[PDB]
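Novice: Got a structure for you, coords.cif, holding mmCIF, C-alpha atoms.
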```cif
data_data
#
loop_
_atom_site.group_PDB
_atom_site.id
_atom_site.type_symbol
_atom_site.label_atom_id
_atom_site.label_comp_id
_atom_site.auth_asym_id
_atom_site.auth_seq_id
_atom_site.Cartn_x
_atom_site.Cartn_y
_atom_site.Cartn_z
ATOM 1 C CA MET A 200 -9.542 -23.610 -7.233
ATOM 2 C CA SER A 201 -8.671 -25.952 -4.387
ATOM 3 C CA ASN A 202 -9.015 -28.982 -6.760
ATOM 4 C CA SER A 203 -6.753 -27.504 -9.441
ATOM 5 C CA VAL A 204 -4.008 -26.664 -7.067
ATOM 6 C CA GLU A 205 -4.039 -30.223 -5.652
ATOM 7 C CA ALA A 206 -3.838 -31.681 -9.240
ATOM 8 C CA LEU A 207 -0.684 -29.594 -9.989
ATOM 9 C CA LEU A 208 1.027 -30.754 -6.856
ATOM 10 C CA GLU A 209 0.336 -34.407 -7.770
ATOM 11 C CA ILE A 210 1.582 -34.247 -11.356
ATOM 12 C CA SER A 211 4.698 -32.252 -10.355
ATOM 13 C CA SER A 212 5.609 -34.945 -7.898
ATOM 14 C CA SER A 213 5.135 -37.672 -10.483
ATOM 15 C CA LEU A 214 7.413 -35.933 -12.921
ATOM 16 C CA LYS A 215 10.137 -35.450 -10.382
ATOM 17 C CA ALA A 216 10.058 -39.161 -9.610
ATOM 18 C CA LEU A 217 10.312 -40.188 -13.273
ATOM 19 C CA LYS A 218 13.222 -37.826 -14.047
ATOM 20 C CA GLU A 219 15.240 -39.423 -11.345
ATOM 21 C CA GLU A 220 14.670 -42.874 -12.772
ATOM 22 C CA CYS A 221 15.750 -41.778 -16.221
ATOM 23 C CA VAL A 222 19.213 -40.223 -15.226
ATOM 24 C CA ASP A 223 21.156 -42.551 -17.682
ATOM 25 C CA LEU A 224 18.869 -41.679 -20.563
ATOM 26 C CA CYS A 225 19.421 -37.928 -20.266
ATOM 27 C CA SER A 226 23.192 -37.827 -21.228
ATOM 28 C CA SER A 227 24.901 -36.643 -24.664
ATOM 29 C CA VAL A 228 22.916 -36.851 -27.908
ATOM 30 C CA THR A 229 25.569 -38.768 -29.744
ATOM 31 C CA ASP A 230 24.249 -39.059 -33.318
ATOM 32 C CA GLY A 231 21.949 -42.182 -32.772
ATOM 33 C CA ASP A 232 22.204 -42.515 -36.552
ATOM 34 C CA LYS A 233 25.900 -43.232 -36.472
ATOM 35 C CA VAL A 234 25.574 -45.992 -33.871
ATOM 36 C CA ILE A 235 23.029 -47.797 -35.848
ATOM 37 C CA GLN A 236 25.195 -47.687 -38.955
ATOM 38 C CA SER A 237 28.038 -49.146 -37.124
ATOM 39 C CA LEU A 238 25.857 -51.835 -35.690
ATOM 40 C CA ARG A 239 24.617 -52.661 -39.069
ATOM 41 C CA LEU A 240 28.139 -53.333 -40.306
ATOM 42 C CA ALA A 241 29.049 -55.447 -37.295
ATOM 43 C CA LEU A 242 26.013 -57.609 -37.676
ATOM 44 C CA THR A 243 26.435 -58.007 -41.274
ATOM 45 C CA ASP A 244 30.102 -59.141 -40.765
ATOM 46 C CA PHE A 245 29.061 -61.414 -37.956
ATOM 47 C CA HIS A 246 26.554 -63.089 -40.161
ATOM 48 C CA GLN A 247 29.061 -63.485 -42.966
ATOM 49 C CA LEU A 248 31.732 -64.977 -40.598
ATOM 50 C CA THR A 249 29.309 -67.390 -39.024
ATOM 51 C CA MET B 1 -5.711 21.470 -21.050
ATOM 52 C CA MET B 2 -4.453 17.978 -20.467
ATOM 53 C CA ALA B 3 -5.144 16.728 -23.961
ATOM 54 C CA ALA B 4 -6.464 13.166 -23.398
ATOM 55 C CA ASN B 5 -3.918 11.098 -25.192
ATOM 56 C CA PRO B 6 -6.362 9.507 -27.749
ATOM 57 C CA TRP B 7 -4.218 6.309 -27.638
ATOM 58 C CA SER B 8 -4.729 5.555 -23.863
ATOM 59 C CA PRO B 9 -6.702 2.367 -23.623
ATOM 60 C CA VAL B 10 -8.696 3.796 -20.820
ATOM 61 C CA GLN B 11 -10.943 6.669 -21.826
ATOM 62 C CA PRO B 12 -11.618 9.089 -19.065
ATOM 63 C CA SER B 13 -15.015 8.639 -17.343
ATOM 64 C CA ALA B 14 -17.487 11.392 -16.858
ATOM 65 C CA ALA B 15 -16.723 11.075 -13.141
ATOM 66 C CA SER B 16 -13.095 11.640 -13.621
ATOM 67 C CA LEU B 17 -13.646 14.695 -15.890
ATOM 68 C CA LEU B 18 -16.042 16.098 -13.222
ATOM 69 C CA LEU B 19 -13.571 15.500 -10.393
ATOM 70 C CA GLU B 20 -10.845 17.186 -12.369
ATOM 71 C CA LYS B 21 -13.031 20.153 -12.979
ATOM 72 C CA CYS B 22 -13.821 20.402 -9.237
ATOM 73 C CA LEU B 23 -10.219 20.250 -8.245
ATOM 74 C CA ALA B 24 -9.262 22.946 -10.899
ATOM 75 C CA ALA B 25 -11.974 25.294 -9.440
ATOM 76 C CA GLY B 26 -10.292 24.893 -5.825
ATOM 77 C CA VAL B 27 -13.684 23.780 -4.480
ATOM 78 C CA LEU B 28 -12.301 20.331 -3.742
ATOM 79 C CA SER B 29 -8.805 19.482 -2.450
ATOM 80 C CA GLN B 30 -6.925 16.351 -3.360
ATOM 81 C CA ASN B 31 -6.609 15.706 0.416
ATOM 82 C CA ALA B 32 -10.340 15.621 0.662
ATOM 83 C CA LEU B 33 -10.480 13.108 -2.222
ATOM 84 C CA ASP B 34 -7.716 10.931 -0.792
ATOM 85 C CA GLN B 35 -9.470 10.679 2.529
ATOM 86 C CA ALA B 36 -12.510 9.507 0.735
ATOM 87 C CA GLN B 37 -10.638 6.682 -1.187
ATOM 88 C CA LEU B 38 -12.607 3.443 -1.226
ATOM 89 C CA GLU B 39 -10.579 0.472 -1.842
ATOM 90 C CA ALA B 40 -13.595 -1.596 -2.885
ATOM 91 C CA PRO B 41 -12.581 -4.521 -5.190
ATOM 92 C CA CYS B 42 -14.249 -4.482 -8.511
ATOM 93 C CA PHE B 43 -15.157 -7.737 -10.597
ATOM 94 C CA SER B 44 -13.938 -10.422 -7.998
ATOM 95 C CA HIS B 45 -15.561 -13.332 -9.789
ATOM 96 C CA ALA B 46 -13.841 -12.623 -13.106
ATOM 97 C CA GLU B 47 -10.479 -12.561 -11.392
ATOM 98 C CA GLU B 48 -10.948 -15.948 -9.799
ATOM 99 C CA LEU B 49 -11.723 -17.606 -13.156
ATOM 100 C CA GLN B 50 -8.517 -16.139 -14.587
ATOM 101 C CA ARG B 51 -6.440 -17.808 -11.919
ATOM 102 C CA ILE B 52 -8.024 -21.182 -12.435
ATOM 103 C CA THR B 53 -7.338 -21.022 -16.180
ATOM 104 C CA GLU B 54 -3.631 -20.411 -15.555
ATOM 105 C CA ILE B 55 -3.255 -23.322 -13.212
ATOM 106 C CA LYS B 56 -4.976 -25.592 -15.690
#
```
As a first step, turn the structure in this file into structure tokens.

Specialist:
Amino acid sequence: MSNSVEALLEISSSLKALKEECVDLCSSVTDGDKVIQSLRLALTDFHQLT
Amino acid sequence: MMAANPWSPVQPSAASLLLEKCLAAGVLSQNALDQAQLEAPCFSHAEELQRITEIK
């Protein structure tokens, strides 16, 4: 029992520390798929212009 | 005749049925039974294992 409780306290602390480091990653799910499409077009144009 | 609800998960024990009979006959008073109440914990080792499983 005493070993299990100590393991919970350690993992909980590690999670709290990682969530704080990842504050910028947690914002609004803009449709990742749309950004990639747009990027695809821009790169393709860039290549053609070069 | 407190018709044992057949669907109660806990079936009445012979001890319980005997105690009930003794109380109905006025030979035993509920006060006498209450004063005799043993809070002795039953199955302590099984309870500890349940708590460990939850934490895990």

Novice: Please measure the separation of CA of residue 5 (chain B) and CA of residue 30 (chain B), giving the value in Å to one decimal.

Specialist: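 Separating CA of residue 5 (chain B) from CA of residue 30 (chain B) is a distance of 22.7 Å.
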
Novice: Name the residues captured by the PyMOL selection byres ((chain A) within 10 of (chain B)) when it is applied to the shown file; answer as a ChimeraX atom specification.

Specialist: /A:200-204,206-207

Novice: If you measure from CA of residue 12 (chain B) to CA of residue 36 (chain B), what distance in Å do you get, rounded to one decimal?

Specialist: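 One can read the CA of residue 12 (chain B) to CA of residue 36 (chain B) distance as 19.8 Å.
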
Novice: Give me, as number ranges by chain, all polymer residues having an atom no more than 12 Å from region 15-20 of chain B, counting all atoms listed in the file and skipping those fewer than 2 positions away in the same chain.

Specialist: B: 1-4, 10-13, 22-30, 32-33

Novice: Please compute the CA of residue 231 (chain A)-CA of residue 217 (chain A) distance, one decimal, in Å.

Specialist: 22.8 Å

Novice: Taking all atoms of region 226-242 of chain A that appear in the file, build a box with edges along x, y and z, extend it by 3 Å on every side, and state its centre and edge lengths in Å to one decimal, as JSON.

Specialist:
```
{"center_x": 25.5, "center_y": -47.1, "center_z": -30.8, "size_x": 13.1, "size_y": 27.0, "size_z": 25.1}
```
